[PDB]
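Listed below are the residues making up each chain.
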Protein chains: 2
Amino acid sequence: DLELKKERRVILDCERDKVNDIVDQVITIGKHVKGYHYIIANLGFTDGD
Amino acid sequence: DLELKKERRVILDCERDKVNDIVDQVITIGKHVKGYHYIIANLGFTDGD
């Protein structure tokens, strides 16, 4: 549904677990390729994978 | 180096372990997105992940 609206910019506001889950789902669906930008809205960046 | 020559078609002739390793590396580098074609050159297709 996000691709249906051509959303190349996504802001994730979650903890270290939901961020990891969403990242794994992005990798599975193949959206971590060049052309997208993510912002991890939390004080811990290097905490996740 | 393969992308330097614009190689969208790849034929993997390996066992069930090297195929899994190459698939994991493809997923990490982000090349399983639409626009590529792979041929697993072995008698076992559903054996791997």
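For every chain, the first residue of the written sequence is numbered 1, i.e. counting runs from 1 onward, and this need not coincide with the entry's numbering; residues without coordinates are not included. Naming scheme: in the order in which they are written, chains are lettered from A and ligands are numbered from 1. Bear in mind that the chains are drawn from a larger assembly and that all values refer to what is shown. Values shown for side chains rest on all heavy atoms present in the structure; no hydrogens or waters enter the calculation. Residues with missing side-chain atoms are left out of burial classes, side-chain pairs and their counts.

Structure determination for this PDB entry was carried out by cryo-EM, with a resolution of 3.4 Å recorded in the header.

The name given to chain A in the PDB entry is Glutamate receptor, with Mus musculus as the source organism. In the PDB, the entry goes by the title "native AMPA receptor".

All right, on to the interface of chain B and chain A then. Across the contact, five residues belong to chain B and five residues belong to chain A. Looking at side-chain class alone, the side of chain B that touches chain A contains two nonpolar, three polar and no charged residues. Contacts are assigned to residue pairs with any non-hydrogen atoms lying within 4.5 Å of each other. Think of it as three bins: nonpolar holds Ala, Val, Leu, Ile, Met, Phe, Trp, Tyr, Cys and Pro, charged holds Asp, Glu, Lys and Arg, and polar takes everything else, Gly as well.

Residue and element names in this part refer to chain B. By the criteria applied, helices consist of DSSP H or I runs no shorter than four residues and strands consist of E runs no shorter than two, each listed in order from the N terminus. Along the chain, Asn20 falls in helix α1 (residues 16-29). N or O atoms within 3.5 Å of each other form a polar contact, as long as, within protein, one can give a hydrogen and the other can take it, and as long as residues adjacent in sequence are counted only when both atoms are side-chain atoms. Polar side-chain contacts of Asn20 include one of 3.1 Å to the backbone nitrogen of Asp49. The contacts of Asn20, once residues within four sequence positions are left out, are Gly48 and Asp49.

Another point: helix α1 (residues 16-29) of chain A. With 14 residues, α1(A) extends 20 Å between its outermost C-alpha atoms, agreeing within 8% with the 20 Å of an ideal straight helix rising 1.5 Å per residue. Taken from the residues just after α1(A), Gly30(A) is the one with a positive phi, measuring 70 degrees. What a helix should span is 1.5 Å times the count of its residues minus one.

Before going further, it helps to spend a moment on the relation of the copies chain B and chain A. Superposition of the copies is done by least squares over their C-alpha atoms. Of the transformation placing chain B onto chain A, the axial shift is 0.0 Å and the rotation is 180 degrees, giving an RMSD of 0.0 Å. Taken together, the turn and the small shift mark the pair as related by a two-fold rotation axis. Closest approach to the rotation axis among the C-alpha atoms of chain B is made by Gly30(B), whose C-alpha sits 3.3 Å away. Of the residues that chain B buries at the interface, 100% are likewise interface residues in chain A, meaning the two copies contact each other through the same surface.

Our next topic: the pattern of salt bridges. Between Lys31(A) and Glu3(A) there is a salt bridge, with its nearest N and O atoms 3.7 Å apart. Highlighted residues: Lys31(A) in the loop between α1 and β2 (37-40) and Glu3(A) in the segment before β1 (9-12), separated in sequence by 28 residues. Residue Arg8(B) is joined to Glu3(B) by a salt bridge in which the shortest nitrogen-to-oxygen separation is 2.6 Å. Salt bridge, as used here, is a side-chain nitrogen of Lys or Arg placed within 4 Å of a carboxyl oxygen of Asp or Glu. Shared partners join several salt bridges into a network, and the residues in it are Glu3(A), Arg8(A) and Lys31(A).

Quick look at the pairing of β2(A) now. All names here are of chain A. Paired strands, in this sense, are two strands between which DSSP finds at least two bridges. Summarising the sheet, β1 and β2 pair through four bridges and their orientation is parallel. Paired with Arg9 across the bridge in β2 is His37. Looking down the strands as they point away from the viewer, one classifies a crossover as right-handed if the path from the first strand across the helix to the second runs clockwise. Taken together, β1, α1 and β2 constitute a β-α-β crossover, and its handedness is right-handed.

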